[PDB]
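Structure, as structure tokens:
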Amino acid sequence: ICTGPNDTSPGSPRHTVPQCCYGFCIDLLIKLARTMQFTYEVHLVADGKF
Amino acid sequence: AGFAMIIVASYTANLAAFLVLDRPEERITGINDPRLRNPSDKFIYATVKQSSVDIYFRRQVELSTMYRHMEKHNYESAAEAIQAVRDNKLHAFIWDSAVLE
Amino acid sequence: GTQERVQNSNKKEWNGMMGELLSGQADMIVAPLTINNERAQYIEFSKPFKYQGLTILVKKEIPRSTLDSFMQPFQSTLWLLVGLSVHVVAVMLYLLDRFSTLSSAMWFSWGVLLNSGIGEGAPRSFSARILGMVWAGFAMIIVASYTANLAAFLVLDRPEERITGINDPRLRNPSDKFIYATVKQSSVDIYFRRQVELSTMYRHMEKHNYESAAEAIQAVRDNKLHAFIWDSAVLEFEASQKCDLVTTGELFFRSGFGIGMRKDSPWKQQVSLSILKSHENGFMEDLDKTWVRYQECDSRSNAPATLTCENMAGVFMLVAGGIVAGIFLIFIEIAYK
Amino acid sequence: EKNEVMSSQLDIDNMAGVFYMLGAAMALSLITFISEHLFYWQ
Amino acid sequence: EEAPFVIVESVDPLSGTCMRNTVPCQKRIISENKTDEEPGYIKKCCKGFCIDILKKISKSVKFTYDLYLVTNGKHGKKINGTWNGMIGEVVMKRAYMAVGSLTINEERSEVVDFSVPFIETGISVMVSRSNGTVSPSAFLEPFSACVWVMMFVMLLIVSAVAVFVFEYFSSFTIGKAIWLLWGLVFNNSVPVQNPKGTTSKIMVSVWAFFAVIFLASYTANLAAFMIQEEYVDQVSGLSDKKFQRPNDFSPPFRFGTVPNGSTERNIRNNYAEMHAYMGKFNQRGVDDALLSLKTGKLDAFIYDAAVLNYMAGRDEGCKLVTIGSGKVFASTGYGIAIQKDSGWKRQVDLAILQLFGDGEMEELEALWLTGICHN
Amino acid sequence: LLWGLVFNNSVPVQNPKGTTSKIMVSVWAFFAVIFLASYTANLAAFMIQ
Ligand SMILES: *[C@@H]1O[C@H](CO)[C@@H](O[C@@H]2O[C@H](CO)[C@@H](O)[C@H](O)[C@H]2NC(C)=O)[C@H](O)[C@H]1NC(C)=O
Ligand SMILES: *[C@@H]1O[C@H](CO)[C@@H](O)[C@H](O)[C@H]1NC(C)=O
């Protein structure tokens with residue numbers, strides 16, 4: 001799961017809603033997690049620019 | 001009869017010639033295609049604003065010129081740039097390989 | 001002529017013909033003299049009377065022949081395969097004949113391949129007519145493939161060599177199989193020793209330089225030296241006249257041959273004006289056509305044409321052998337009659 | 001970007017396809033002959 | 001101003017001056033109708049190739065400068081014993097150093113001096129890409145010059161073996177025989193009469209094999225030789241009759257050249273009649289010449305060398321080409337013009353040669369004068 | 001006759017006799033001479049690259 005802003009153009013007030021993410025990195029994240037015993041609660045960024 | 005053979009042979013030959021010579025140059029080379037150092041106002045680059053690429057440019061001294069030509073068009077994020085080069089509204093896009101591939 | 005120290009003293013003098021001019025043996029240098037900083041320090045140069053640059057020179061590569069008549073396109077195995085398969089399909093035809101005209105069938109197939117109009121048999125058995133169609137198809141296929149790959153042979157040319165210039169990395173880290181060369185004490189040498197980067201190759205260059213041009217030319221003709229570096233407006237003519245050598249592409253630093261006079265003689269501006277007026281009235285170019293661009297050996301290393309009797313051997317010999325090998329069997333068969 | 005190979009002599013390496021077409025033709029043809037025969041006397 | 005050498009450009013509308021890597025081009029423009037009271041200062045900034053060579057010279061021999069554009073005309077043509085343009089401004093009004101894109105002739109050298117040139121140049125021609133090919137006798141070209149007749153005589157020979165051999169073994173004439181043969185070589189596309197003797201039956205099939213080799217070979221060679229053709233520019237040189245007697249042809253060429261330049265005032269002293277004929281076109285500017293050359297209004301163009309070679313490597317597609325292999329017809333060079341007989345001359349001269357020693361001219365060239373086409 | 005014509009008239013055959021058909025086949029012959037040349041050309045091309 002990932003909590004993050006809706007309406008990626010955030011000029012209008014953002015609604016921090018939950019979506020879900022999946023791809024090439026978060027799996028790697030999971031690998032690390034099961035490697036070093038810690039939890040996590042991801043969430044996207046506000047501004048969108050790096 | 002000799003003439004007949006001649007003509008039909010010529011035909012097959014130049015059909016072969018047609019089927020093998022391919023298209024011309026375009027092949028934008030990279031940072032050195034001089035179509036990218038003295039931009040006519042028909043080309044438009046683009047990068048994502050506030051992004052690592054922008055930093056790589058502003059700090060370099062030479063490239064400065066194109067930097068300015070680059071400045072007035074940068075986009076908000078990737079998907080916008082992709083969709084905007086699909087429909088011809090923007091010539092070239094510069095970005096990180098392991099996404100572009 | 002260049003500059004150098006002498007007698008292990010603080011004297012730096014000028015070897016060579018330029019030095020001769022400096023001392024008062026003559027008062028004009030009319031010869032293919034170059035232009036560069038050092039020389040231009042204290043000698044007045046006329047306006048340039050011929051423009052050119054440096055370039056390279058290598059032994060022309062050797063091409064591939066017309067062909068051995070039947071070698072290139074097929075392997076012998078293919079010939080054998082088709083040869084047997086002919087009689088194969090022939091006997092199968094004859095079987096489909098008898099089971100429900102042998103000397104006919106052999107003709108039929110051999111003709112079907114060879115496209116010869118001869119022959120009068122046919123497949124009587126519908127069973128065989130089902131086969132003959134595809135047999136002919138196979139024939140067309142094979143002959144088409146043949147012509148196609150002969151075409152493929154005749155158009156793909158030779159590999160790379162193309163020594164590019166001052167940047168072909170075969171010239172920055174010389175393996176000890178390459179050997180450059182220039183004429184000692186010559187403008188080129190000055191252009192190298194003063195540059196800083198190129199220094200490395202300079203040393204590799206040092207231990208081989210020659211005495212003069214003709215020696216270098218004759219020494220690269222016979223393979224005793226790979227590459228030669230010199231001034232274009234000599235190399236171009238040289239390649240044009242004797243045509244187993246070639247230049248490769250790039251230039252180095254564009255400079256111009258000019259007349260040279262001692263420091264501030266009262267003759268400068270007249271000479272310069274005359275040279276210019278000459279360049280305007282085409283007279284110079286009349287000289288050009290009269291002495292430079294008069295002869296042309298080959299060029300365009302594509303060479304995509306011109307086959308001749310070299311092919312004719314492998315086939316005309318075959319037809320003559322057919323002639324001479326017919327008569328014996330003719331006698332044999334008229335005896336068998 | 002070296003241009004490409006320049007083939008030669010075309011050994012049996014590839015013509016296996018055409019030879020297979022030929023042989024399969026022969027087989028199916030004799031098949032059909034035997035079929036037509038066994039049907040014809042019937 | 002000049003397209004590839006001295007590019008002009010207006011200031012940035014934010015600061016007041018423009019970006020780095022250029023020099024301010026002051027005092028450009030004056031009044032037009034009311035009163036001069038010269039404002040001049042419409043300051044713009046310029047850059048390019050010649051500007052860079054100037055900057056490096058400035059750093060290499062200590063001095064300063066300030067750069068201002070020109071009004072009265074162009075490069076400058078001696079008119080009524082007086083000089084317009086740059087030369088005018090460097091004779092009387094004491095500009096004291098001209099730069100940019102000047103040629104070098106005799107006249108100009110009779111008034112001002114000149115440094116050592118730094119780019120080869122001269123007169124050259126430019127034509128639309130000769131859309132099409134040249135293959136007038138392609139079909140006769142390949143496969144031989146002689147072996148035709150060798151096959152011919154081999155044929156006439158085998159005819160005799162035919163008659164003799166087929167005479168002795170178990171309606172056959174030399175006419176029908178040679179007929180069948182000559183029909184076979186090209187293609188068995190002729191209703192013929194075949195022999196009957198088994199001897200000859202074999203004796204001909206070998207020749208048939210000969211034919212099927214011959215024909216395939218010939219077609220292959222034709223295809224090859226037609227693949228790697230070569231363009232031939234449809235004009236030889238400036239000396240061609242096709243320029244000498246234009247009226248002698250179907251609608252004669254329509255070629256022009258911008259007047260007042262060095263090139264024209266060269267032309268007018270070698271081919272006066274052709275110069276007079278040229279007066280009917282006298283294209284203006286340069287880009288105008290390009291457009292008119294793209295729209296059939298002209299068919300050849302005569303102008304400086306370097307600027308043409310830069311213009312060639314630019315235009316979209318590659319549909320415009322300089323004649324020959326880039327041959328030049330009045331070898332001279334650009335240069336720097338300084339007021340008569342200041343010592344400065346010598347101190348500048350060495351400077352420029354200095355750059356030829358360190359490849360810097362190659363860097364500059366590769367940075368401005370390269371193109372994409374004609375690689 | 002037809003199947004022989006398409007590939008190459010390398011087969012002893014029997015031709016028709018009606019002028020109607022006489023024309024009616026020559027068009028197909030033209031078809032053949034286009035077909036064959038096309039095919040060979042394409043093979044040559046595809047084998048080049
Ligand atoms: C070549 O120089 C002549 C010099 O006279 C130019 O002719 C002048 O142009 C101005 C303004 O365009 C006119 O007021 C003059 O009357 C023109 N002179 C004559 C004699 O008519 C001419 O324009 C120049 N050509 C180019 C291409 O610059
Ligand atoms: C040309 O001659 C003089 C300049 O030497 C000038 O005073 C005169 O007005 C000019 N006349 C014409 C017709 O050009």
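Ordering of the structure tokens sets the chain letters (A, B, ...); residue numbers start at 1 within each chain; ligands are numbered from 1 in the order shown.
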Test item: residues at most 12 Å from residue 42 of chain E, only C-alpha atoms, excluding those fewer than 3 positions along its chain, as a PDB file with C-alpha atoms, in the first residue's frame:
ATOM      1  CA  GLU E   9      21.494  38.823 -31.447  1.00  0.00           C
ATOM      2  CA  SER E  10      19.397  41.151 -29.326  1.00  0.00           C
ATOM      3  CA  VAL E  11      19.902  41.443 -25.597  1.00  0.00           C
ATOM      4  CA  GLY E  16      19.727  44.495 -20.160  1.00  0.00           C
ATOM      5  CA  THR E  17      22.764  42.784 -21.641  1.00  0.00           C
ATOM      6  CA  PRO E  24      28.365  43.860 -26.860  1.00  0.00           C
ATOM      7  CA  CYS E  25      27.730  45.293 -30.308  1.00  0.00           C
ATOM      8  CA  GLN E  26      27.173  48.930 -29.466  1.00  0.00           C
ATOM      9  CA  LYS E  27      26.142  52.019 -31.392  1.00  0.00           C
ATOM     10  CA  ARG E  28      24.456  49.944 -34.089  1.00  0.00           C
ATOM     11  CA  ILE E  29      21.699  52.169 -35.399  1.00  0.00           C
ATOM     12  CA  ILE E  30      21.270  55.886 -36.026  1.00  0.00           C
ATOM     13  CA  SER E  31      18.293  58.125 -36.759  1.00  0.00           C
ATOM     14  CA  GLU E  38      23.669  60.112 -32.924  1.00  0.00           C
ATOM     15  CA  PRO E  39      22.112  57.945 -30.225  1.00  0.00           C
ATOM     16  CA  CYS E  45      25.531  41.357 -28.707  1.00  0.00           C
ATOM     17  CA  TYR E  68      30.234  48.600 -33.367  1.00  0.00           C
ATOM     18  CA  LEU E  69      28.315  47.565 -36.457  1.00  0.00           C
TER      19      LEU E  69
END
*Using only C-alpha atoms and all ligand atoms, find each residue with an atom at most 10 Å away from ligand 2 and format the answer as a list in words.*
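The neighbouring residues of ligand 2 are, in order, residues 79, 80, 81 and 82 of chain E.
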*Extract the full set of strand (DSSP E) residues from segment 17-232 of chain C according to DSSP on the backbone, and format it as a list in words.*
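DSSP on the backbone gives strand (DSSP E) at residues 44, 45, 50, 51, 52, 54, 55, 56, 57, 58, 59, 228, 229, 230 and 231 of chain C.
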Residues from the last selection, N, CA, C and O atoms, saved as a CSV table (one decimal), in the first residue's frame:
chain,number,residue,atom,x,y,z
C,44,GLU,N,60.3,37.3,-43.8
C,44,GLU,CA,59.0,37.8,-44.2
C,44,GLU,C,58.4,36.9,-45.2
C,44,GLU,O,59.1,36.6,-46.2
C,45,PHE,N,57.2,36.4,-45.0
C,45,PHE,CA,56.6,35.5,-46.0
C,45,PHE,C,55.6,36.3,-46.9
C,45,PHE,O,54.9,37.2,-46.4
C,50,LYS,N,49.9,28.7,-52.3
C,50,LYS,CA,49.2,27.5,-52.6
C,50,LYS,C,48.7,26.9,-51.2
C,50,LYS,O,49.5,26.8,-50.3
C,51,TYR,N,47.4,26.6,-51.1
C,51,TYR,CA,46.9,26.2,-49.8
C,51,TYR,C,46.8,24.7,-49.7
C,51,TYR,O,46.5,24.0,-50.7
C,52,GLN,N,47.1,24.1,-48.6
C,52,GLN,CA,47.0,22.7,-48.4
C,52,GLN,C,47.1,22.3,-46.9
C,52,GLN,O,47.2,23.2,-46.1
C,54,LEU,N,48.4,18.8,-44.0
C,54,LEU,CA,49.1,17.5,-43.9
C,54,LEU,C,48.2,16.4,-44.1
C,54,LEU,O,46.9,16.5,-44.0
C,55,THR,N,48.7,15.2,-44.4
C,55,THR,CA,47.9,14.0,-44.6
C,55,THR,C,48.8,12.8,-44.5
C,55,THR,O,50.0,12.9,-44.3
C,56,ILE,N,48.2,11.6,-44.6
C,56,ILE,CA,48.8,10.4,-44.4
C,56,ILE,C,48.8,9.6,-45.7
C,56,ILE,O,48.2,10.0,-46.7
C,57,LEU,N,49.6,8.5,-45.8
C,57,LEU,CA,49.9,7.8,-47.0
C,57,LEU,C,50.1,6.3,-46.6
C,57,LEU,O,51.0,6.1,-45.8
C,58,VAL,N,49.4,5.4,-47.3
C,58,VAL,CA,49.6,4.0,-47.0
C,58,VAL,C,49.5,3.2,-48.3
C,58,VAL,O,49.0,3.6,-49.3
C,59,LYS,N,50.0,1.9,-48.2
C,59,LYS,CA,50.0,1.0,-49.3
C,59,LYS,C,48.6,0.5,-49.6
C,59,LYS,O,47.9,0.0,-48.7
C,228,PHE,N,53.1,6.9,-43.8
C,228,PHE,CA,53.9,8.1,-44.0
C,228,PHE,C,53.1,9.3,-43.9
C,228,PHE,O,51.9,9.4,-44.3
C,229,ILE,N,53.7,10.3,-43.2
C,229,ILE,CA,53.0,11.6,-43.0
C,229,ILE,C,53.7,12.7,-43.7
C,229,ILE,O,54.9,12.8,-43.6
C,230,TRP,N,53.0,13.5,-44.5
C,230,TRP,CA,53.7,14.6,-45.2
C,230,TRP,C,52.6,15.6,-45.6
C,230,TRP,O,51.5,15.7,-45.2
C,231,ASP,N,53.1,16.5,-46.5
C,231,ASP,CA,52.3,17.6,-47.0
C,231,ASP,C,51.4,17.1,-48.2
C,231,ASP,O,51.9,16.5,-49.1
_as a PyMOL selection string, could you give me every residue of chain B near chain C (at most 12 Å apart, counting only C-alpha atoms)?_
chain B and resi 12-13+16-17+20
*Pull out every residue of chain A that has at least one atom within 8 Å of chain B, counting only C-alpha atoms, and report them as a VMD selection string.*
chain A and resid 48 to 50
Please save C-alpha atoms of the selected residues as a PDB file, in the first residue's frame.
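Result went into selection-v3.pdb, see below:
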ATOM      1  CA  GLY A  48       6.342  15.273  -7.577  1.00  0.00           C
ATOM      2  CA  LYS A  49       9.643  16.778  -8.716  1.00  0.00           C
ATOM      3  CA  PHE A  50      12.739  14.885  -7.637  1.00  0.00           C
TER       4      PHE A  50
END
_Env. residues ligand 1 / 7 Å / only C-alpha atoms and all ligand atoms / as a PyMOL selection string_ = chain E and resi 73-74+258-260+284-285
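Proximity to residue 133 of chain C at 9 Å, evaluated using only C-alpha atoms and with sequence-adjacent residues fewer than 5 positions away removed, yields residues 138 of chain C; 3 and 4 of chain F.
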Please, could you write that set of residues out with N, CA and C atoms as a tab-separated table (two decimals), in the first residue's frame?
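Wrote it out as part00.tsv, contents follow:
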chain	number	residue	atom	x	y	z
C	138	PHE	N	11.02	-27.00	-57.01
C	138	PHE	CA	12.34	-27.10	-56.43
C	138	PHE	C	13.40	-26.58	-57.39
F	3	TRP	N	0.78	-24.69	-64.22
F	3	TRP	CA	1.77	-24.82	-63.16
F	3	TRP	C	3.18	-24.90	-63.72
F	4	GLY	N	3.33	-25.40	-64.94
F	4	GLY	CA	4.65	-25.38	-65.54
F	4	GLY	C	5.04	-23.98	-65.96
*Residues near residue 204 of chain E, cut-off 9 Å, only C-alpha atoms, skip fewer than 5 positions along chain, as a ChimeraX atom specification*: /C:116 /E:158,162,181,199,209
Expected file contents, prior selection, N, CA and C atoms, as a PDB file, in the first residue's frame:
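This is the output file part_30.pdb:
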ATOM      1  N   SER C 116      16.506 -26.818 -70.607  1.00  0.00           N
ATOM      2  CA  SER C 116      16.629 -27.090 -72.027  1.00  0.00           C
ATOM      3  C   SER C 116      15.279 -27.476 -72.599  1.00  0.00           C
TER       4      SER C 116
ATOM      5  N   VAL E 158      30.543 -25.112 -81.987  1.00  0.00           N
ATOM      6  CA  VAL E 158      29.699 -26.229 -81.592  1.00  0.00           C
ATOM      7  C   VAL E 158      28.678 -26.545 -82.666  1.00  0.00           C
ATOM      8  N   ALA E 162      27.834 -30.245 -84.099  1.00  0.00           N
ATOM      9  CA  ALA E 162      26.448 -30.667 -84.241  1.00  0.00           C
ATOM     10  C   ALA E 162      26.215 -31.306 -85.599  1.00  0.00           C
ATOM     11  N   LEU E 181      20.262 -22.879 -81.161  1.00  0.00           N
ATOM     12  CA  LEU E 181      21.317 -22.524 -80.228  1.00  0.00           C
ATOM     13  C   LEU E 181      21.127 -21.100 -79.724  1.00  0.00           C
ATOM     14  N   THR E 199      23.583 -38.859 -79.345  1.00  0.00           N
ATOM     15  CA  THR E 199      24.841 -38.129 -79.299  1.00  0.00           C
ATOM     16  C   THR E 199      24.592 -36.639 -79.116  1.00  0.00           C
ATOM     17  N   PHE E 209      23.479 -25.943 -70.000  1.00  0.00           N
ATOM     18  CA  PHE E 209      24.052 -25.622 -68.704  1.00  0.00           C
ATOM     19  C   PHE E 209      24.869 -24.353 -68.792  1.00  0.00           C
TER      20      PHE E 209
END
*Which residues, written as a list in words, have at least one atom at most 12 Å from residue 27 of chain F, with only C-alpha atoms counted and residues fewer than 6 positions away on the same chain left out?*
residues 2, 5, 6, 20, 21, 33 and 34 of chain F
_Residues of chain B were defined as contacting chain E if any atom lay at most 10 Å from it, counting only C-alpha atoms; please report them as JSON, numbers by chain._
{"B": [1, 2, 3, 4, 5, 6, 7, 8, 9, 10, 11, 12, 13, 14, 15, 16, 17, 18, 20, 21, 24, 25, 26, 27, 28, 29, 32, 33, 34, 35, 37, 38, 61, 62, 64, 65, 68]}
Residue subset to file, keeping C-alpha atoms, as a PDB file, in the first residue's frame:
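Contents of part-v6.pdb, as written:
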ATOM      1  CA  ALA B   1      15.066 -11.979 -78.590  1.00  0.00           C
ATOM      2  CA  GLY B   2      18.263 -10.444 -77.284  1.00  0.00           C
ATOM      3  CA  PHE B   3      16.497  -7.158 -76.678  1.00  0.00           C
ATOM      4  CA  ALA B   4      13.788  -9.021 -74.807  1.00  0.00           C
ATOM      5  CA  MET B   5      16.274 -10.634 -72.468  1.00  0.00           C
ATOM      6  CA  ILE B   6      17.969  -7.296 -71.910  1.00  0.00           C
ATOM      7  CA  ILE B   7      14.832  -5.478 -70.900  1.00  0.00           C
ATOM      8  CA  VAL B   8      13.574  -8.118 -68.514  1.00  0.00           C
ATOM      9  CA  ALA B   9      16.970  -8.371 -66.865  1.00  0.00           C
ATOM     10  CA  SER B  10      17.146  -4.627 -66.384  1.00  0.00           C
ATOM     11  CA  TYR B  11      13.726  -4.747 -64.800  1.00  0.00           C
ATOM     12  CA  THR B  12      14.636  -7.351 -62.227  1.00  0.00           C
ATOM     13  CA  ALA B  13      17.916  -5.608 -61.488  1.00  0.00           C
ATOM     14  CA  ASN B  14      16.451  -2.253 -60.669  1.00  0.00           C
ATOM     15  CA  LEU B  15      13.642  -3.753 -58.673  1.00  0.00           C
ATOM     16  CA  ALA B  16      16.410  -5.265 -56.577  1.00  0.00           C
ATOM     17  CA  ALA B  17      18.022  -1.837 -56.430  1.00  0.00           C
ATOM     18  CA  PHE B  18      14.776  -0.387 -55.128  1.00  0.00           C
ATOM     19  CA  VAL B  20      17.705  -2.322 -50.649  1.00  0.00           C
ATOM     20  CA  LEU B  21      18.615   1.386 -50.406  1.00  0.00           C
ATOM     21  CA  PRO B  24      18.274   9.087 -45.053  1.00  0.00           C
ATOM     22  CA  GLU B  25      20.258  10.465 -42.212  1.00  0.00           C
ATOM     23  CA  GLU B  26      18.289  11.699 -39.334  1.00  0.00           C
ATOM     24  CA  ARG B  27      20.346   9.929 -36.587  1.00  0.00           C
ATOM     25  CA  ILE B  28      20.585  12.719 -34.013  1.00  0.00           C
ATOM     26  CA  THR B  29      23.957  11.751 -32.657  1.00  0.00           C
ATOM     27  CA  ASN B  32      27.553  16.763 -30.510  1.00  0.00           C
ATOM     28  CA  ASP B  33      25.039  16.835 -33.341  1.00  0.00           C
ATOM     29  CA  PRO B  34      25.406  20.531 -34.162  1.00  0.00           C
ATOM     30  CA  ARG B  35      21.675  20.550 -34.529  1.00  0.00           C
ATOM     31  CA  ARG B  37      24.460  23.585 -30.250  1.00  0.00           C
ATOM     32  CA  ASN B  38      22.926  26.397 -32.300  1.00  0.00           C
ATOM     33  CA  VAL B  61      29.902  26.188 -18.628  1.00  0.00           C
ATOM     34  CA  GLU B  62      30.037  25.535 -22.369  1.00  0.00           C
ATOM     35  CA  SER B  64      25.139  27.141 -21.177  1.00  0.00           C
ATOM     36  CA  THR B  65      23.738  28.375 -24.471  1.00  0.00           C
ATOM     37  CA  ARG B  68      18.710  28.806 -22.081  1.00  0.00           C
TER      38      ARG B  68
END
_Check: which chain F residues lie within 12 Å of chain B using only C-alpha atoms, as a PyMOL selection string_ = chain F and resi 30+33-49
Selected residues written out with N, CA and C atoms, as a compact mmCIF listing (two decimals), in the first residue's frame:
# COMPACT_ATOMS: atom_id res chain seq x y z
N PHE F 30 2.34 -13.22 -68.49
CA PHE F 30 2.85 -11.95 -68.00
C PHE F 30 2.89 -11.95 -66.49
N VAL F 33 5.96 -13.74 -65.41
CA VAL F 33 7.25 -13.10 -65.55
C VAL F 33 7.40 -11.97 -64.56
N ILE F 34 6.30 -11.41 -64.09
CA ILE F 34 6.43 -10.44 -63.00
C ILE F 34 6.75 -11.16 -61.71
N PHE F 35 5.98 -12.20 -61.42
CA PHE F 35 6.13 -12.95 -60.19
C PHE F 35 7.57 -13.38 -59.98
N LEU F 36 8.14 -14.04 -60.98
CA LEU F 36 9.45 -14.65 -60.81
C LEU F 36 10.52 -13.60 -60.55
N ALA F 37 10.52 -12.54 -61.34
CA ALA F 37 11.51 -11.50 -61.13
C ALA F 37 11.35 -10.88 -59.76
N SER F 38 10.12 -10.60 -59.36
CA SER F 38 9.90 -10.05 -58.03
C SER F 38 10.53 -10.94 -56.98
N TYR F 39 10.22 -12.22 -57.04
CA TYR F 39 10.66 -13.13 -56.00
C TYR F 39 12.17 -13.18 -55.93
N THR F 40 12.83 -13.31 -57.08
CA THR F 40 14.28 -13.34 -57.06
C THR F 40 14.84 -12.06 -56.48
N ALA F 41 14.29 -10.92 -56.87
CA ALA F 41 14.80 -9.67 -56.34
C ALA F 41 14.68 -9.64 -54.83
N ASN F 42 13.53 -10.05 -54.31
CA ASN F 42 13.35 -9.98 -52.87
C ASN F 42 14.32 -10.89 -52.16
N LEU F 43 14.54 -12.08 -52.71
CA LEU F 43 15.49 -12.98 -52.08
C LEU F 43 16.87 -12.35 -52.04
N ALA F 44 17.29 -11.76 -53.15
CA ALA F 44 18.60 -11.12 -53.17
C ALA F 44 18.68 -10.04 -52.10
N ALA F 45 17.65 -9.21 -52.02
CA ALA F 45 17.66 -8.15 -51.02
C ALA F 45 17.79 -8.72 -49.63
N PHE F 46 16.88 -9.61 -49.26
CA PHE F 46 16.86 -10.13 -47.90
C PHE F 46 18.13 -10.89 -47.57
N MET F 47 18.82 -11.42 -48.57
CA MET F 47 20.09 -12.08 -48.30
C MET F 47 21.25 -11.10 -48.23
N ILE F 48 21.10 -9.90 -48.78
CA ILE F 48 22.16 -8.92 -48.63
C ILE F 48 22.33 -8.55 -47.16
N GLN F 49 21.25 -8.09 -46.53
CA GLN F 49 21.36 -7.54 -45.18
C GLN F 49 20.99 -8.60 -44.15
*Near residue 341 of chain E, within 9 Å and counting only C-alpha atoms, which residues show up once chain neighbours fewer than 3 positions away are dropped, as a ChimeraX atom specification?*
/E:112-113,338,344-345
Would you write out those residues with N, CA and C atoms, as a compact mmCIF listing (two decimals), in the first residue's frame?
# COMPACT_ATOMS: atom_id res chain seq x y z
N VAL E 112 44.66 49.28 -47.65
CA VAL E 112 44.91 48.84 -46.28
C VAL E 112 45.85 47.66 -46.34
N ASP E 113 46.23 47.13 -45.19
CA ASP E 113 47.10 45.97 -45.18
C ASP E 113 46.29 44.72 -44.88
N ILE E 338 43.77 46.05 -41.05
CA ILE E 338 44.21 47.07 -40.11
C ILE E 338 44.67 48.29 -40.87
N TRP E 344 51.34 47.39 -35.34
CA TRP E 344 50.43 46.35 -34.91
C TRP E 344 50.50 45.13 -35.82
N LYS E 345 50.60 45.38 -37.13
CA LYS E 345 50.59 44.30 -38.10
C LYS E 345 51.43 43.14 -37.63
*What are the DSSP alpha helix (DSSP H) residues of chain B, as an MDAnalysis selection string?*
chainID B and resid 2:18 52:59 64:71 78:86 97:100
Which residues of chain C come within 7 Å of chain F, and for each one, what is the closest pair of atoms and their distance in Å to one decimal, counting only C-alpha atoms, sorted by chain and residue number, as CSV?
residue,atom,partner,partner_atom,distance
C:112,CA,F:10,CA,5.4
C:115,CA,F:10,CA,4.8
C:116,CA,F:10,CA,6.9
C:117,CA,F:10,CA,6.6
C:119,CA,F:12,CA,6.8
C:120,CA,F:12,CA,6.2
C:133,CA,F:3,CA,6.7
C:137,CA,F:7,CA,6.4
C:140,CA,F:7,CA,6.2
C:144,CA,F:40,CA,5.8
C:148,CA,F:44,CA,4.5
C:149,CA,F:44,CA,6.7
C:151,CA,F:44,CA,6.9
C:152,CA,F:48,CA,5.6
Keeping N, CA and C atoms, export the residues of the selection given above as a compact mmCIF listing (two decimals), in the first residue's frame.
# COMPACT_ATOMS: atom_id res chain seq x y z
N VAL C 112 14.14 -30.72 -67.00
CA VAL C 112 13.37 -29.85 -66.12
C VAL C 112 14.30 -28.98 -65.31
N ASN C 115 16.38 -26.59 -67.93
CA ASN C 115 15.59 -25.63 -68.68
C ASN C 115 15.72 -25.84 -70.19
N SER C 116 16.51 -26.82 -70.61
CA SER C 116 16.63 -27.09 -72.03
C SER C 116 15.28 -27.48 -72.60
N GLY C 117 15.00 -26.99 -73.81
CA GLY C 117 13.73 -27.31 -74.43
C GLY C 117 13.57 -28.75 -74.83
N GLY C 119 13.35 -32.92 -74.95
CA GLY C 119 12.56 -33.85 -74.16
C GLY C 119 11.15 -33.97 -74.67
N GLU C 120 10.59 -35.18 -74.63
CA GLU C 120 9.23 -35.39 -75.10
C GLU C 120 8.37 -36.24 -74.19
N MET C 133 5.04 -31.36 -60.54
CA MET C 133 4.85 -29.96 -60.22
C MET C 133 5.86 -29.51 -59.17
N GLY C 137 9.09 -26.90 -59.11
CA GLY C 137 9.21 -25.84 -58.12
C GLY C 137 10.57 -25.83 -57.46
N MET C 140 13.16 -24.28 -59.74
CA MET C 140 13.14 -22.83 -59.74
C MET C 140 13.79 -22.29 -58.49
N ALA C 144 17.11 -19.81 -58.41
CA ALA C 144 16.95 -18.47 -57.90
C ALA C 144 17.92 -18.21 -56.76
N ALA C 148 20.78 -15.25 -56.57
CA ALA C 148 20.72 -14.30 -55.48
C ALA C 148 22.06 -14.22 -54.77
N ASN C 149 22.62 -15.35 -54.40
CA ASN C 149 23.82 -15.25 -53.58
C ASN C 149 25.04 -14.94 -54.41
N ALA C 151 24.79 -12.54 -56.56
CA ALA C 151 24.65 -11.10 -56.40
C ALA C 151 25.19 -10.66 -55.04
N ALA C 152 24.87 -11.41 -54.00
CA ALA C 152 25.37 -11.08 -52.67
C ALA C 152 26.88 -11.06 -52.64
*Polymer residues at most 12 Å from residue 19 of chain D, only C-alpha atoms, same-chain spacing of 5 or more positions, as a PyMOL selection string*: (chain C and resi 78+81-82+85-86+134-135+137-139+141-142) or (chain D and resi 12-14+24-26)
_From the options E:109, E:342, E:282, E:22, which residue's atoms come nearest to chain C, counting only C-alpha atoms?_
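For chain C, the nearest of the candidates is E:109.
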